[PDB]
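Colleague: Please work out how this folds:
(chains A and B)
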Amino acid sequence: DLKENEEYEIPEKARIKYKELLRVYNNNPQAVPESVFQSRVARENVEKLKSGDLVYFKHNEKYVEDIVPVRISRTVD
RNA sequence: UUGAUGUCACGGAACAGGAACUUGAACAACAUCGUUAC
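Modeller: Residues are numbered from 1 along each chain as shown, chains lettered A, B, ... in the order given. Pasting the structure now:
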């Protein structure tokens, strides 16, 4: 159920936090040796959030504060 | 592009003053990855 008439805008802080999270996901030293068990961010080497793709998020009062690509991922301060 | 009866231009050092300097132990422990079940 894609609800209409309920959309929020992305400030600069959320974008730089997502960029930092992607940089942490990509160049990890402790990763899995195979290139098939990793997630979609680490396998296909995503660098920025594109036009349309499904992202988990959390907002308050029409402004979003954080966005994560999977269910249980890491949080940046 | 000169004009004649008169040119010391070999008659004149591009010369004189300014610190590539200041700051930095080749050192080191806690995880990484996401969902399962009613």
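Colleague: tell me which parts of chain A are close to RNA strand B?
Modeller: Taking CB under 7 Å from any atom of the strand as the contact definition, chain A meets RNA strand B at A:25, A:28, A:30, A:31, A:39, A:41, A:70, A:71, A:72, A:73, A:74. Quick note: C-beta positions are derived from backbone N, CA and C, even for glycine.
Colleague: Filter the residues you listed down to the ones in helices?
Modeller: Among the residues of chain A next to RNA strand B, the members falling in helices (DSSP state H) are A:25, A:41.
Colleague: May I ask which of the residues of chain A next to RNA strand B has the most neighbours?
Modeller: Highest neighbour count within the residues of chain A next to RNA strand B: residue A:25, with 19 neighbours (other CB atoms under 10 Å).
Colleague: Roughly how far does that residue sit from residue A:36?
Modeller: Counting by CB to CB, to the nearest Å, the gap from residue A:25 to residue A:36 is 16 Å.
Colleague: How about residue A:28?
Modeller: Taken as CB to CB, the span from residue A:28 to residue A:36 is 16 Å.
Colleague: secondary structure element for residue A:17?
Modeller: Following DSSP states H and E, one finds residue A:17 within helix A:12-26.
Colleague: just residue A:66 next, same as before
Modeller: Applying DSSP H and E, one finds residue A:66 within strand A:63-68.
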